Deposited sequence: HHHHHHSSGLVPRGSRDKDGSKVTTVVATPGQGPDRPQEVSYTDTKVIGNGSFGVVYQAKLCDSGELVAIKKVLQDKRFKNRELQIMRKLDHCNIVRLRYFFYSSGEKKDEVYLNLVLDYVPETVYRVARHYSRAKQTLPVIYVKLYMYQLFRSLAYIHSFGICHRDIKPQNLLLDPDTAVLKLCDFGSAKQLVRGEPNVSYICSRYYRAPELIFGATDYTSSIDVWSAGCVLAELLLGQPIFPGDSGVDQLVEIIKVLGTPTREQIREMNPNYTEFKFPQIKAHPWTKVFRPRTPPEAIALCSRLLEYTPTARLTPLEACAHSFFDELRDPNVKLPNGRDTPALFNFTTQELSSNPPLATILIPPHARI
């Protein structure tokens, strides 16, 4: 059993053949398949989307921490866009769920590795003005043996342009920045930093930090930890907006007693009401929570070497070039 399609590399079209196709995922966009290519025997993921920005964004990206677009083709009385991506066996969500179900917390070495690679992938997309707008554990692909993380699902991604409005009802509820809940249309790529902060907090906690039962109750869940946002914080989130009045809960008492203090400190700097107050992805990479990753003697728990973490390009460093000396340890 073989499927042959006319596909373009992720230019000149060509006959692409694959076998062992099976459904692995399902969403509003359509289906996600796992298949094996004929020429190399390599496994691929095929994202089939019924019927704009995704393909254009996916074709521009070339980073170690972003899912690689191998080929693309249109198929099947309704037309679908099929994105052929290099297959990655796991997700942060599935790994975190296994630990959660077994009443265990993910070792902080993995939390450091996954969060650092997510921030690096964010520093790269934000350098082109591209905001992902769907940062959640499910969109963080993992190779369990090498601990290499790949950001995926650019279906909500948009190149943000100052002055031009954007939809407020975006991102998965639990990872939705408070300005979006307040109905902001002039938000920045800092919405992804809030989502990344929600992912970190979830990896430390064993469950989502803000589990809202609606897009409105989502703000109430944030208030239960961060306290009520001040009038100034509300103005910085959405100036057009003219909420229970309670104080912030201590950050240390949010997480289990033995949670590393640097993890707690990083959380507080990402989960800020004021969007501008939140760390940029590059500053997050530089945080003391990622110190272990800069140690020359650092290894993965299986004894293997950690992935290449400090091979930064001029593009990733463009937001703050003098950060390079702090980010790149002397051994690298």
item	value
Unmodelled intervals of the deposited chain, in order	1-21, 32-34, 76-80, 106-109, 276-278, 369-370
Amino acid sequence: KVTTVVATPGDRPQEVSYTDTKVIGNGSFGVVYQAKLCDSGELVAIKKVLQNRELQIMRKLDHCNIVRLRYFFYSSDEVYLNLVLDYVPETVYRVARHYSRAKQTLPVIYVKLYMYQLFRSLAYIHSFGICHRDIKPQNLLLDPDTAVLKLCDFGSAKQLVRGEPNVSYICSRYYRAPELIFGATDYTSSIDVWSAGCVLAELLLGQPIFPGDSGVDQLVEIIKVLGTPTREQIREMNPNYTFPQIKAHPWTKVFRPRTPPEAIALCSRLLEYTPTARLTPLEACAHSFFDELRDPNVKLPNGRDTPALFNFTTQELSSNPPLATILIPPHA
From here on, numbers count along this sequence of modelled residues.
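Here the rigid core means the biggest group of C-alpha atoms that line up within 1.5 Å when the two forms are laid on top of each other.
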query	finding
More variable segment, 162-170 or 211-219 [Cα RMS over structures in 9 other deposited structures of this protein, core-superposed]	211-219
Stretch farther from the shown model on average in 9 other deposited structures of this protein, with CA RMS computed after core superposition (293-301, 27-35)	27-35
Per the entry, higher mean C-alpha B factor between 139-147 and 230-238	230-238
Average Cα temperature factor in the PDB entry - higher stretch of 312-320, 18-26	312-320
Most elevated Cα B-factor in the entry, residues 197, 107, 208, 163	163
From 248, 83, 180, 131, residue of greatest CA B-factor	248
Within-chain third of residue 121 by Cα B-factor, per the entry	lowest
Residue 298 CA temperature factor, ranked by third within the chain	middle
Entry-reported Cα temperature factor of residue 243, expressed as the chain third it lands in	highest
Within-chain third of residue 307 by Cα B-factor, per the entry	middle
Ranked against its chain, the third holding the CA B-factor of residue 57	middle
